[PDB]
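Student: Experimental structure and its sequence below.
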Amino acid sequence: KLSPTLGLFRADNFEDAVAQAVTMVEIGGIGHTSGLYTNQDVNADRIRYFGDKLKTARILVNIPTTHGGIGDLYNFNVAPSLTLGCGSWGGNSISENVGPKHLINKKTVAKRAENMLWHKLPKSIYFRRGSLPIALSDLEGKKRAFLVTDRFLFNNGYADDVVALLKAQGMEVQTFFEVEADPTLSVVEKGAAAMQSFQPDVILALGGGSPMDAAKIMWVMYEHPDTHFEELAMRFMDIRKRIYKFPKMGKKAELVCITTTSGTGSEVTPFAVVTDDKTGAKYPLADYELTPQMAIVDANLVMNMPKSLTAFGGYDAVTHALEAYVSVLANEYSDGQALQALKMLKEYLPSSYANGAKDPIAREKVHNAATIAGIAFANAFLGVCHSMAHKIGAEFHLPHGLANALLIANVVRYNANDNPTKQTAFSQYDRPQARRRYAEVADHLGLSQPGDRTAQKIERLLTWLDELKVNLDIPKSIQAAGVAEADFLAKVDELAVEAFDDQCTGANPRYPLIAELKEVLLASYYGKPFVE
Amino acid sequence: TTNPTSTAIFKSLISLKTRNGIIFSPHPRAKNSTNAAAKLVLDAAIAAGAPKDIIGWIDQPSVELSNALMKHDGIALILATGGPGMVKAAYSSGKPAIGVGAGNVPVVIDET
Amino acid sequence: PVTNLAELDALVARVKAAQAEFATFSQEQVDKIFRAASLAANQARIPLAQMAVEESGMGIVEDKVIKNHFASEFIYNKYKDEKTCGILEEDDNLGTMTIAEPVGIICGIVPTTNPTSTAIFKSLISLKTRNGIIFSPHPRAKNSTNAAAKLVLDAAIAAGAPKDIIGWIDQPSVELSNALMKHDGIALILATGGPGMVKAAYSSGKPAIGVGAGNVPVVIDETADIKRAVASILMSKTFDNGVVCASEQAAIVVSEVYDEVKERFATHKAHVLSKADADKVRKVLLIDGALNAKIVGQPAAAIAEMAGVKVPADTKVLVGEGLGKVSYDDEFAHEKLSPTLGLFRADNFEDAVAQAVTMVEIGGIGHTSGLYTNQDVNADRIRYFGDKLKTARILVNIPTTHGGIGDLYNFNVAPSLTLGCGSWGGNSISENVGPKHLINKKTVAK
Amino acid sequence: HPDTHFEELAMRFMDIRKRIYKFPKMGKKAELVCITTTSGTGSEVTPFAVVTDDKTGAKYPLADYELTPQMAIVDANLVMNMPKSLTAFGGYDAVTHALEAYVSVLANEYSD
């Protein structure tokens, strides 16, 4: 009306008035203002019942929709009834008051900049024969303790030793031996629930592979019972996306780890793998707060562990090392002890494989070498072969450590390239050429004639590994490993596609594509040399 | 015509905020006072170091002139308010536009 | 069966009521639906990438799969939990409650270039806004899109969702699209892709924002190192045959560093070109004057022979010289969206700047632009250039894409997509989309 | 520990391997963030300290692993301008540190 005139309605009830109101506003076509006159602290239900139905810009209760009462203004802080526009007429177009950002145009300029590389380690480690008593001697008043182990090893006269030493000053403990070859999404929560019933304050990780890392996982689940778990995985998938925060531990428990298998560097790495229960979805966890603060590397354990599981672990470590050195993530830092472990292993593998426990020299030597390898790729990530072998082990239940050991050969032949600039990225930046690096390894072992070219040294290198791995009595084609090959061909197709993106990604200097993986897989299965 | 004065100074002032240039379409009803304000505010601005003008406004405003500048290429934006019929032609421009208007403003009173 | 306005309007009513009582949900319960939907869309990127490979027709698989990776994870990490239900903020001192509320029914337009990522994107953010979304797949790429519609809705349903929140079209057709796009019940529309498309979108009398791009120029001065930029834009140029938004369209080279850059391309798979093959490719480049629609995502050898000339096979991109003229009529001036590029011969810094500004305006949308130069000897140059250029976004010594070594290059940035504007007109600096663009306000004063 | 005197901090803990018996008990109410500046000293990682007396300058060496700072940062921005041959002095100190360390009887495989 816009004039000193008004028409009224005769409403029936609260809801009748509300209906008439909504119907009345829509006629304007712009939701601007609407008013409620009512009792105010006997009726809140009414307040926001009414608020729920009405879509103006702005609701006032027991207030005139203007400016200027007594003194300052009624109401004294509010935009004017004008200044409320919208970019649309259409309907329900809730007006918004105007601001200079509606009158101003933007810029962001992003800068070019450099990155962060890394080297971080667990603080505390011990290493000898009979470490255990003298290692744990420094365990004063840490009062509650929890065991993580496997029923095979707990079944052996091993756990008894540590619980006795826990009684030595006397700890309230409980053994947990209820993990099989893998983290499951099933034991993890029962273990978490049991210990959080116990509220232990020290966690004892025992063994090889699955027992330790699953613990870590459910360990952290004790730290935050509140959160769900995907986003622990989904949020933190790999390195260098330090975005943004931690699940917040160091809290109410510490980690003391005991390896048993010579060949896994897991007990130092901040890594974990968990498997889903429908279809076994892989979930990789990787961030440095996962590193245990306590690591002990005794030997007493493996004098009696038989061949060639020895070989399996050693070959896993071997793979870890050679991939780590050539990794694009390789700083100078990992090169030192990676080279060290590689050099020092070449003598003590044949002896320990042939001799043990008659040779209580080579066994602990290769144990330490494997630990050093774990030190190495703790910062340099894995190679494509590693997750790919994860896969081959996955479908055919093949153990880790030898599955990759069947691959390494062709793998470096894939790296055996002069300059294919087909898919490589940023080649001449920090990684001049892998071939040279390999040759440095070769002559660095002295595996080369003083007068040689690179490729000469390279073939010497992988010949060395060839009959070296001959020495340890392993099949040379995966068919010789006992695999039905018709289905191999049938299912290698999708095997390769998941082999591509399985976190490899990957410091692999060169891109693979789906095709090359397939060539390599078939060549390795037949023991054929992948060469082009 | 309802608020020929406050709106003009409003827009002009916030424009000089945005380091802008503003063009005015006064109503043939209420233009002389609006143009007087245009003078006055520009004069204040000039006696502060402003460029010789930042205001434009229409003398004897007419519909075809309004459509011509409203469809002028050089203009970057338009600010309309008032009659519903007005802002709808404003939206019918293929150009960015926002219109300040209102609808029927209802109040309801209960027994309590 | 989605074919006629009978069943179209029926399903409109269906999803529309479903939104009506969907919008009544508490934040801490929609969150679970959120997590589950994100997860279940998250793992199976490989399938829809693969059957996108078959349905759409071109392109590279892993680019597609990891765009799905990046898109899903960006979306979730992008919007973990931001208060969108009920009260937003309170002033008990003045009794001013500010709350928010969903908008309504929205249509979604799916281009063939990214038929998958866009759909999940829109749908996921919609269930964020407690919305209902309608899809207009392209008759090219619809089956994979509808498969995604199934899959994501199935995840949502196995979380407590109303029986549907998706609508999508079977055998999409233009009249159906105009009917729903002009349907009364719809509250908004989200279009992207062809310039011609979003203009009809704006021609609706209804709120609309379109995600597009213009010709993306880069300029190179004498003080930059050649091989660096050469590298970066080979990676971007080759990305799935250069079909991503905000990708290379014009190479601007200052005077005396020119032929050396050119042989640097010649030292690589790029094929320079300065003869009648200019016309030989410009025919199919712009046949109808409207950007002939099968150069899209096609390999360099394919587009060379299918332009009529035979080329060394491993070549990656063809390079055009007949570009001394600067205007619309140049087909190199328009965007290419294929592993092809044309360059300029600039005279000085300011010549290149002028050509750049003239080049951008042709796109009509200020989206992206690139400077390759020395960086701490020239700041005057930096922001001289910054002063003249009005794209959305300036990058110096950087490719305008996503994914280098490790995290991303650059590792914190919105995608080249997701950048729309409420206007086409000119200099319309794109803004990326957010839920406040999808949510309505309230303050109640006490 | 404001309470204790200081000799026995030195007198009690003179070198390595006499882990007899306890700590002065820190990790307490402050943390350590260290920035080296001189290329050639590994002090900012070592749990070592040297203090000199005031009569005659009696040397007091302190050595035990809880002295290690939890935080170490090694930037370069610092020494582009530090002149020759103080560069050489630090580098040669580090050189000595290394060659002695390798041949030391305490040398495990770890330091090699």
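Tutor: Good, I have the coordinates. Residues are numbered from 1 along each chain as shown, chains lettered A, B, ... in the order given.
Student: in chain B, which spans are helices?
Tutor: When assigned using DSSP state H, the helices of chain B occupy the ranges B:6-17, B:32-46, B:63-70, B:84-91.
Student: Which one of the ones you listed lies nearest to chain D?
Tutor: Comparing the helices of chain B by their distance to chain D (C-beta to the nearest C-beta), the top pick is helix B:6-17, with 41.3 Å. The way it works is simple: take the backbone N, C-alpha and C, and place the C-beta from them, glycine included.
Student: Just the buried residues of the closest one, please?
Tutor: B:7-8, B:10-12, B:14-16 (16 or more other C-beta atoms under 10 Å in any protein chain shown).
Student: Widest-spaced pair of those residues?
Tutor: Within the buried residues of helix B:6-17, B:7 and B:16 form the most distant pair, 15.4 Å apart (C-beta to C-beta).
Student: Would you mind naming what in chain B lies close to chain C?
Tutor: B:76, B:91, B:94-96 (C-beta under 8 Å from any C-beta of the partner chain).
Student: returning to that earlier point: among the buried residues of helix B:6-17, which are in reach of chain A?
Tutor: Okay, of the buried residues of helix B:6-17 touching chain A (C-beta under 8 Å from any C-beta), that's B:7, B:10, B:14-15.
Student: Can you say which helix or strand has residue A:115 in it?
Tutor: Per DSSP states H and E: residue A:115 is located in neither a helix nor a strand.
Student: The nearest residue to it once chain neighbours are set aside: how many residues sit nearby?
Tutor: Nearest residue to residue A:115, sequence neighbours excluded (C-beta to C-beta, 6 or more residues apart in numbering or on different chains): residue A:240, at 7.6 Å. Applying other C-beta atoms under 10 Å in any protein chain shown, we find 16 residues neighbouring residue A:240.
Student: thought residue A:240 was touching residue C:406?
Tutor: Yes - contact criterion C-beta atoms under 8 Å: residue A:240 and residue C:406 qualify, at 4.8 Å.
Student: Now do the contacts for the residue nearest to residue A:115.
Tutor: A:115-116, C:406-407 (C-beta atoms under 8 Å, 6 or more residues apart in numbering or on different chains).
Student: just residue A:145 next, same as before
Tutor: Applying C-beta under 8 Å, 6+ apart, the residues near residue A:145 are A:166, A:171-173, A:200-204.
Student: Quick one: buried ones out of those?
Tutor: For those, buried by 16+ other C-beta under 10 Å: A:166, A:171, A:173, A:200-204.
Student: Does stretch A:84-102 reach chain B?
Tutor: Yes - using C-beta under 8 Å from any C-beta, stretch A:84-102 reaches chain B at A:84-89, A:95, A:98, A:100, A:102.
Student: how about that stretch: buried residues?
Tutor: For stretch A:84-102, using 16+ other C-beta under 10 Å, the buried residues are A:84-90, A:92-96, A:98.
Student: Kindly report the same for stretch A:166-186.
Tutor: A:166, A:171, A:173, A:175-179, A:183-185.
Student: Residue A:493 contacts residue A:517, correct?
Tutor: No - Residue A:493 is beyond contact range of residue A:517, at 10.1 Å (criterion: C-beta under 8 Å).
Student: These two: who's more crowded?
Tutor: residue A:517 (19 against 11).
Student: Reduced to three states, what does that one come out as?
Tutor: helix (DSSP: H, G, I helix; E, B strand; the rest coil).
Student: tell me which residues of stretch A:437-449 are tucked away?
Tutor: For stretch A:437-449, a neighbour-count test (16+ other C-beta under 10 Å) marks A:437-439, A:441-443, A:445, A:447-448 as buried.
Student: Is it positioned near chain D?
Tutor: No - Stretch A:437-449 does not reach chain D (C-beta under 8 Å from any C-beta); its nearest approach is 14.7 Å.
Student: that older thread, for the buried residues of helix B:6-17, which one is nearest chain C?
Tutor: Among the buried residues of helix B:6-17, and counting by C-beta to the nearest C-beta, the member closest to chain C is residue B:15, at 17.9 Å.
Student: ok, for the closest residue to chain C within chain B, nearest residue in space, not its chain neighbours?
Tutor: Of all residues in chain B, residue B:96 sits closest to chain C, at 4.4 Å by C-beta to the nearest C-beta. The shortest distance from residue B:96 to any non-neighbouring residue, by C-beta to C-beta, 6+ apart, is to residue C:423 (4.4 Å).
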